[PDB]
Amino acid sequence: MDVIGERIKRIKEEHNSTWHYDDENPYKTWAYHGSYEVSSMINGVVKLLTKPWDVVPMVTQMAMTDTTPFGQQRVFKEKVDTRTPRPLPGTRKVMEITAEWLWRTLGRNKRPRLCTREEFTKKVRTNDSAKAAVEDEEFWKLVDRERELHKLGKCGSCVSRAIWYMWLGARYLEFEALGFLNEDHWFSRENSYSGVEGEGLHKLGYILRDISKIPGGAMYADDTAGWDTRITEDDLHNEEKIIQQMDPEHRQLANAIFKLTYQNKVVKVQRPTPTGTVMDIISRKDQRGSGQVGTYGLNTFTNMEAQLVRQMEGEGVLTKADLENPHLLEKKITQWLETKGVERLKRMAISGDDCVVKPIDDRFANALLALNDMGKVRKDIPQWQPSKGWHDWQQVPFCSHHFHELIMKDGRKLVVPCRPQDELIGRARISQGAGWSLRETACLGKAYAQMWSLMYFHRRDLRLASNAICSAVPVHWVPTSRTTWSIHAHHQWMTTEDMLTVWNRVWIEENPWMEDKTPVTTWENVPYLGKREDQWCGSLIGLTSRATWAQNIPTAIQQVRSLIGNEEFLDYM
Ligand SMILES: [Cl-]
Ligand SMILES: [Mg+2]
Ligand SMILES: [Zn+2]
Ligand SMILES: [Zn+2]
């Protein structure tokens, strides 16, 4: 294979001392070529201040970390090492027509452009190995060299200083060609109608409530089993249509990414070995390359398209006969898209593989012919069982959360993000990597505490625990390291600014859904969930262990203080 050849030869050239061809490889659908070579600690600060949760199963589970070449073969040989059957001719036709219409819609006000070394550098600097590479001129010279191959329609290194530079160089070139989708906010709600990119977690609830006001059926939120593994060759070809909107120099580079890396990927992966440790080189045409720039945008695009197709089927626009038809007429599809398409996009909230859809009625529930045929088979449900919808938007799962409407004492309403409390406490009690001092650990603890104060203040236990952590950690210490990798996090808690000031800014001043801008002057006027709701979402309020914890908290705070030492502390209790 000419397209894949050069990349194989370069890894083989460097790792020639232990290169061997294996006749016994677990890969059944991934093309085999060869093989060479022949985690996280507990946050003591958060732990000491959340004693009742020492005896909680979810908290214990999350503390178990197995990022190993042993817990890697289980992930790969589950959903990744499979094939998706080709969609029917009619299905392919509908998808193509819809993709063309969607790209035109998405590009109505924006024009694609190349992203830059300066942009990528800024991104890397705003969070060590990638930092050094970015500051190195030799890295950008290698970038330049690889780009020249791409312009000739060849790929050299896009898949130990050599391999690290090759990896980040590949990521930069992806960013250069397809980064505009994120950087120029193509999937913002204003631009995409269905999208929520850049909106923020603090807005997602309001967005779902707005969807709930649109006349129609129930709200549906079906999970797809292993979305990235269900991206077909046809999906890839539909996603590629964005290149039609590019200038020649950009089109050339994006073409290379789509053809050479997206539709012809080379992947390095390890597997169990009785001899030692081996990393295998494999290739594939379809599926989403999960660790590639542009993945989020392209998933969002293809999910938007898929859900429109499902809506069409629900509405009777598409029949079983249509999907089977190799000569399907475009007329009715184009008519639906031109007259109803934007309206139907507005009925959805879509983030990558995650969707919420409020169709015009409930035929959608059993409209499954296209969804299954497109390869987007729903998780943990028989293929032909109707989807269960929610009549209450506050029950709809989206982006690992659900959302509650709260009433404030002054009569104003807030819509807030929520999730099982054990998940929040379980995450906060984990520190990323090992070898951290008490200061660094305390500072990450502070970051979680302040995230709770801004996003999850309505949870009684979390506000108490947050107040406890912030009391135990020196006031002038700046939160470090991230609390989450979520693309919906805006990290407003990464500051030493007063939390009530930040709370007012987010929830009142800059909140588009808050008409009355009257500031909240005390935390006592910042509302909680109803006690019943708090309990349903995992609160320990009402339990003796929790009451004991609440009474004994000042003691635990002072213990952490004595171990930190003579610093400036403030009481938030
Ligand atoms: Cl993206
Ligand atoms: Mg979902
Ligand atoms: Zn390349
Ligand atoms: Zn909740």
Side-chain angles (χ1 to χ4, degrees), residues 3-8 10-11 142-159 165-177 194 196 204-205 208 219-225 227 252-266 289 292-293 299-300 303 307 348-357 376 378-381 387-390 392-406 414-424 455-462 488 528-539:
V3 182
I4 221 87
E6 188 75 285
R7 277 174 281 187
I8 310 296
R10 287 198 188 179
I11 316 295
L142 293 168
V143 162
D144 286 352
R145 235 185 311 272
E146 186 62 30
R147 196 196 286 112
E148 291 304 309
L149 267 94
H150 285 203
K151 294 163 83 195
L152 265 47
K154 300 211 87 184
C155 192
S157 57
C158 303
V159 304
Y165 274 29
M166 284 186 186
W167 185 88
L168 194 73
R171 255 75 277 163
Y172 169 77
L173 290 175
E174 291 167 358
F175 177 76
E176 181 173 85
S194 307
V196 296
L204 302 185
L208 297 192
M219 289 168 69
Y220 296 86
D222 290 337
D223 242 82
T224 302
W227 176 275
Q252 188 172 226
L253 296 176
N255 234 322
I257 300 297
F258 278 112
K259 263 79 167 214
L260 304 164
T261 71
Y262 281 10
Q263 292 159 21
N264 285 284
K265 54 184 143 293
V266 182
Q292 298 172 334
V293 180
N299 280 344
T300 306
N303 202 7
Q307 299 314 318
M348 310 193 283
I350 298 169
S351 187
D353 72 352
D354 205 348
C355 65
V356 175
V357 182
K376 308 308 176 284
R378 300 160 305 157
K379 195 171 72 172
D380 296 325
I381 191 167
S387 300
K388 175 260 170 61
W390 289 273
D392 200 330
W393 63 267
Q394 296 177 253
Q395 298 303 313
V396 178
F398 188 54
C399 298
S400 300
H401 289 78
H402 54 275
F403 305 87
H404 295 281
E405 190 179 77
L406 305 178
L414 292 164
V415 179
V416 297
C418 195
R419 64 192 298 177
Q421 199 177 252
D422 299 341
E423 287 170 18
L424 291 162
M455 299 292 129
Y456 312 107
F457 54 88
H458 52 270
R459 309 303 309 276
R460 285 163 183 82
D461 299 345
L462 299 190
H488 310 288
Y528 290 109
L529 291 184
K531 277 212 274 265
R532 207 171 191 178
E533 285 73 14
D534 210 348
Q535 294 171 331
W536 287 334
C537 290
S539 191

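Counting starts at 1 for both ligands and their atoms, following the listed order. We're numbering straight along the sequence, starting at 1.
Distances from the Mg ion (ligand 2) to the N/O/S atoms of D354 are shortest for OD1.
When rounded to 10 degrees, the angle formed at the Zn ion (ligand 3) by OE2 (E146) and NE2 (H150) equals 100°. For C537 atom SG and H404 atom NE2, the angle they make at the Zn ion (ligand 4) is roughly 110°, to 10 degrees. Between the SG atom of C155 and the SG atom of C158, the angle taken at the Zn ion (ligand 3) works out to 110° after rounding to 10°.
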(Q) For a salt bridge (charged side-chain N to carboxylate O under 4.0 Å, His left out) check, start with the C-alpha distance between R459 and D534, then their side-chain angles and the critical distance, and finish with the verdict. (A) CA-CA 6 Å; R459 309 303 309 276; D534 210 348; 2.7 Å; yes
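There is a side-chain donor-acceptor pair under 3.5 Å between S387 and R378.
To the nearest 0.5 Å, atoms NZ (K259) and SG (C155) are separated by 14.0 Å.
Note on ring orientation: taking the six-membered ring where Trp is involved, the planes of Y456 and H401 are parallel (angle under 30°, cut-offs 30° and 60°).
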